Amino acid sequence: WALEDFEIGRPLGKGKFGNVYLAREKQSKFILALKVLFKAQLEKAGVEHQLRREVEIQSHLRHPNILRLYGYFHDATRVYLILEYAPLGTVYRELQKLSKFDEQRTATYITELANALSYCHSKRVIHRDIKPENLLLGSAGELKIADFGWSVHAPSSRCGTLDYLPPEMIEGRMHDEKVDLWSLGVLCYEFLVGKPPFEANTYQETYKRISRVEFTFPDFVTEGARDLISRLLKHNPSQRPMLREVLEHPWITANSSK
Ligand SMILES: CN1CCN(C(=O)c2cc(Nc3ncc4cc(C(N)=O)n(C5CCCC5)c4n3)cn2C)CC1
Ligand SMILES: [Mg+2]
């Protein structure tokens, strides 16, 4: 693959390490998203193994709720990821659009997330990073996890606006699959309320709020949601439900679709 090969369209998203662009493949007329990262800035920040964790993992996972990486190439200056395109954009933009979600949309995304994370954890891979700006919508409004790296494998290991990160990760202790489960809780909450439960005004404050696990529920939050989120947001990782217990949880089934 090479640049010429594609016509590039409008830009889809901001320069993390470069932008991502809508794009069309000349031969087949295939519409895709082209993540464009300048080598310069990767090396300067030394995250090439993160890139080289996004690539391997996203190409070898195949699941309807995981964004697909089709291939890559580089030139002199830049590395190019060829991604699946998610026509309806991010859950982040949708949340900004509606401010909060209803229970049906929420339970439905939590379910699509739980299956995608279920597949993920079966191959021992853990995402570590399911913010809403990494959740994308397909053409049917199907939720799709993207990004990857930072990432996966076994127990582990290694500025991430803190919000979705669990206590063990924040202190630097040892973590497993359960990190994602806590994130599901932060997400669940965020969807219903419109703001993540440890949202604070400063990194340092947020860090307190997470380590202490201090959040409260606005009054409009139904008994069963609290039940799911309360259960998901425990300090001790091993007292966090497994995904099949989430997928069960009476509230999810009272509200999800399928
Ligand atoms: C109708 N509308 C929904 C879609 N709209 C969008 O502009 C849009 C589409 C997409 N699609 C898309 N597809 C694959 C992606 C892979 C990525 C990625 N970088 O992993 N992104 C990002 C670009 C910025 C946020 C997410 C992707 N975005 C992002 N945006 C911001 C506009 C409003
Ligand atoms: Mg992101």
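Residues numbered from 1 in each chain as written, not as in the entry; some residues may be left out. Chains lettered and ligands numbered in written order. Heavy atoms only, no water. Residues with missing side-chain atoms left out of burial classes, pairs and counts.

**Points about the site of ligand 1**
Lining the immediate environment of ligand 1, one finds 15 residues, of which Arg10, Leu12, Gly13, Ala86 and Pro87 sit closest. Interatomic distance of 2.8 Å between a backbone N/O atom of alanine 86 and a nitrogen atom of ligand 1. Contact with the protein chains covers 70% of the free accessible surface of ligand 1, which is 640 Å². Counting residues per element, the shell around ligand 1 draws most heavily on strand 1 (residues 6-13), which supplies 3 residues. Along the lines of polarity and charge, the residues of the shell around ligand 1 split into 10 nonpolar, 3 polar and 2 charged. (Near = heavy atom within 4 Å. Polar contact = N/O pair within 3.5 Å; in protein donor to acceptor, adjacent residues only side chain to side chain. Areas by Shrake-Rupley, 256 points an atom, 1.4 Å probe, with all protein chains shown as cover. Helix = DSSP H or I, 4+ residues; strand = E, 2+ residues; numbered from the N terminus. Nonpolar A, V, L, I, M, F, W, Y, C, P; charged D, E, K, R; others polar.)

**A closer look at the sheet that holds strand 5 (residues 78-83)**
The pairing of strands in a sheet happens through backbone hydrogen bonds and is either parallel or antiparallel. Taken together, the 5 strands give an open sheet; going across it, the order is 1-2-3-5-4, and neighbouring strands pair in antiparallel fashion. With one partner strand each, in any of the chains shown, strand 1 and strand 4 (69-74) form the two edges of the open sheet. In this sheet, neighbouring strand axes are inclined to one another by 30° on average, regardless of whether the strands run parallel or antiparallel. (Pairing = 2+ DSSP bridges. Axes fitted to C-alpha atoms, helices over the stretch in contact; angles between N-to-C directions.)

**Some remarks on the pairing of strand 2 (residues 20-25)**
Note that strand 1 and strand 2 share 5 bridges and pair antiparallel. If you follow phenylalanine 6 over to strand 2, its bridge partner there is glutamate 25. A loop of 6 residues connects strand 1 with strand 2, the two strands running antiparallel in sequence, and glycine 18 in this loop sits at a positive phi of about 155°. Alignment of strand 2 against strand 3 (residues 30-38), held across 6 bridges, turns out to be antiparallel. For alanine 23, the partnering residue across the bridge sits in strand 3 and is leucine 32.

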